[PDB]
Amino acid sequence: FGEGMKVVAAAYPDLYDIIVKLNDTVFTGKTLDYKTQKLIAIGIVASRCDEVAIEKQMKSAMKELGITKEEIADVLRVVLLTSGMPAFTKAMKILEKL
Amino acid sequence: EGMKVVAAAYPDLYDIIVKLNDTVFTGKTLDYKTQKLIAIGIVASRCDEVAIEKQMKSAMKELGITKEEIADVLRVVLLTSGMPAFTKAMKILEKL
Amino acid sequence: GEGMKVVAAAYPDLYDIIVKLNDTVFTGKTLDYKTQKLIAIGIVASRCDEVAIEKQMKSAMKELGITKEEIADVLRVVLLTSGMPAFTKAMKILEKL
Amino acid sequence: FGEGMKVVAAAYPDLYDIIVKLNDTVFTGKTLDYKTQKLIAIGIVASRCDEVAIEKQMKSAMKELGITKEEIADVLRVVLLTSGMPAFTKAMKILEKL
Amino acid sequence: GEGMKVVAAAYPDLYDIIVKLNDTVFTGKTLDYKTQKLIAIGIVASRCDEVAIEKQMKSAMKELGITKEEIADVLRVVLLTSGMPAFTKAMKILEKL
Amino acid sequence: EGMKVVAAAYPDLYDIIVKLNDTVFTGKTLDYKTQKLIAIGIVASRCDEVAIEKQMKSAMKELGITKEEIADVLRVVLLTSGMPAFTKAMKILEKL
């Protein structure tokens, strides 16, 4: 996890621990694999305005799971349809710079 | 219907919407099912219950996407978007 | 609205400022009220509150004689800026209005 | 918790349990009391479009904590300033009907 | 934009439909392009993406000769529909533009 | 400044914004501090980092609201709004 979660670990250890368990359970799908769920997470975050959140989801996916920029771009096609040009173009620019 | 009126009244707009849809869902590497699961996650992260119900229903009917698959998407909605979105979407799923 | 009827009854200072806010917002330096009301439609149509969308559209048509095709021109912008879910919800609302 | 959470209890017991722990920890503030936090929760939910979520937060607050409609109305004043007339008027109407 | 330059290079079919979408959206049945572009400003100003806001405003001023007071009339509507945070962010963007 | 320009260019608008603010924060029963904590929660549930940082800074400076109090608000943001909003706001808080 990123800087935000390290602050939580420092400030509120028990809350941190419950968040980690939540995260680990969320990403233990019954049918969908972790890669698919992380692609979904990218889509959701990219549909909103948090540029740093978008960069971090994309970076972690590529680093941790080996997700490609081509796979991310396919996620962004869905962002365009669901969410419009502003979200799409912002996300595409972030992907390009990664 | 709804798009049925767009087709009749605004044929150019309708034609470009059909093409936008078709092109979006012609992925370079991810398949259509994966893209539709992403679409469900995005819509479920918001408050439009109709979009959510419609998105889920179409996915199940058109693609054979399962309720368990949808629930796996909703897990991600909880983490990204919080309890209200998650519990609303789970209630919707249960009625399908 | 029902919301505003009770605000007027129960919270007269808040109601007073709300009316004045509305009046001042819609007293543009350059843009006319029709243009501003079309902008308002676009903004609420870009979001998920069906009631707000139906109310902005219905008041526009009633107050200003705005047509469904004019509202649809607004919804074109909603599609581009906001995506298919917002567009399709708002277009169904418009059609049924 | 409401119908959504009962579905989660039925479908995913371990996920349900982690959510309950998260909830209980979130509402164990270090300084702010539970009433204050629930008023904040009303504000946040009311700032968005989920009418059912708004009705449920308000109902539970009034039932569980004895929060008044006058206190909720003061929350909604802040919703107006932060979020605009649509959110304010929708929330006020829901409060009125409660 | 940078986003669109790479889409054009890498994804020509998607780029093609995006351009056509834009062109069709901004070919209104009744409303003119200026009105539609003001609506677009209002919608993106109601949300949190500063880049989109700066881009819509800058293109409006450049393409259409839209003035800061005209944009401010849009922002009046943003305040009413969307609240102080959106209004103040967008007004600062406008002022600095 | 930003509102400083509004004051000069659009005096009626400015005057009504000041009154809206003042009236909103004249609660019938809740105090100003409680209302400002609510405001922090609402803004933090969204993506505008500047609004969040400004809201927190003003609250601490104007009202003596503490970082621990702000963190208690952010707990509610996590539950209502998810991890991204929570972790972003915690990162902002840490720098204040």
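The table below gives the values:
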{"quantity": "Neighbour cut-off at most 11 other Cβ (10 Å), DSSP loop, chymotrypsin sites (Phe, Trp or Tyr not before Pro), segment F:1-47", "calculated": "none"}
{"quantity": "Calculated Rg and Dmax of chain A using C-alpha coordinates, Å", "calculated": "14.3, 40"}
{"quantity": "Projected-area mean, chain C, by convex hull of Cα positions, square nanometres", "calculated": "6.7 nm²"}
{"quantity": "Trypsin sites (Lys or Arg not before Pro) restricted to segment F:25-96 and DSSP loop, no more than 16 other C-beta within 10 Å", "calculated": "F:28"}
{"quantity": "Virtual spin-label span in nm between residue A:33 and residue A:3, 7 Å along Cα→Cβ", "calculated": "3.4 nm"}
{"quantity": "Sparsely packed trypsin sites (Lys or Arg not before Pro) within segment D:7-51, loop by DSSP, other Cβ within 10 Å at most 16", "calculated": "D:30"}
{"quantity": "Cα-based helix-to-principal-axis angle, A:51-65 vs chain A, degrees rounded to 10", "calculated": "80 degrees"}
{"quantity": "Using alpha-carbon coordinates, inclination of helix F:32-44 to the longest axis of chain F, degrees", "calculated": "70 degrees"}
{"quantity": "Helix axis angle, F:11-24 relative to chain F longest principal axis, alpha carbon, degrees", "calculated": "50 degrees"}
{"quantity": "Shielding by other protein chains, D:62-72, mean Cβ within 10 Å", "calculated": "2"}
{"quantity": "10 Å Cβ neighbours from other chains, averaged over peptide D:31-40", "calculated": "6"}
{"quantity": "Candidates E:25, E:44, E:77: whichever shows maximal mean-square fluctuation once chain E is modelled as a Gaussian network with Cα springs under 10 Å", "calculated": "E:25"}
{"quantity": "Debye intensity ratio I(q)/I(0), log10, the protein assembly as shown, q values 0.06, 0.11, 0.12 Å⁻¹ (C-alpha model)", "calculated": "-0.27, -1.02, -1.25"}
{"quantity": "Exercise: per-residue mean of other protein chain Cβ atoms within 10 Å, B:25-37", "calculated": "5"}
{"quantity": "Chain D: most fluctuating residue of D:75, D:26, D:45 per GNM, C-alpha cutoff 10 Å", "calculated": "D:26"}
{"quantity": "Protection proxy ranking of D:57-67, D:81-91 - average other beta-carbon atoms within 10 Å, highest first", "calculated": "D:81-91, D:57-67"}
{"quantity": "Using a Förster distance of 41 Å, the FRET efficiency for residue B:12-residue A:24 (Cβ separation, nearest 0.05)", "calculated": "0.25"}
{"quantity": "Long-range amide H partners of residue E:66 with built H, under 5 Å", "calculated": "E:61"}
{"quantity": "Fluctuation leader among D:17, D:74, D:50 - chain D, Gaussian network, Cα springs under 10 angstrom", "calculated": "D:17"}
{"quantity": "Chain A: relative contact order in percent, alpha carbon pairs under 8 Å with at least 6 residues between", "calculated": "25 percent"}
{"quantity": "Pairs from E:89/F:61; A:56/D:56; A:93/C:29 whose Cα-Cα separation, in the structure shown, is over 27 Å", "calculated": "A:56/D:56; A:93/C:29"}
{"quantity": "Counted charge near residue A:68, where neighbours are those whose Cβ lies closer than 15 Å (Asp, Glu -1; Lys, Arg +1)", "calculated": "+1"}
{"quantity": "J(HN,Hα) series, segment E:36-41, from Karplus relation 6.51 cos²θ - 1.76 cosθ + 1.60, nearest Hz, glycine and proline x", "calculated": "4, 5, 5, 4, 4, 4"}
{"quantity": "Residue-by-residue Karplus 3J(HN,Hα) for segment B:70-78, coefficients 6.51, -1.76, 1.60, Hz, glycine and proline x", "calculated": "4, 4, 4, 4, 4, 3, 5, 4, 4"}
{"quantity": "D_trans [Stokes-Einstein, Kirkwood Rh over alpha-carbon pairs] for chain F, 10 °C, 1.306 mPa s, µm² s⁻¹", "calculated": "111 µm²/s"}
{"quantity": "Calculated [θ] (222 nm, deg cm²/dmol) that DSSP helices of n ≥ 4 give over chain F, each run adding -39,500 (n - 2.57)", "calculated": "-25500 deg cm²/dmol"}
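Using ideal geometry, Cβ is built from the backbone for each residue, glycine included, and neighbour counts are taken over all protein chains shown. Since every read-out is calculated from the coordinates, none of them should be taken as a lab result.
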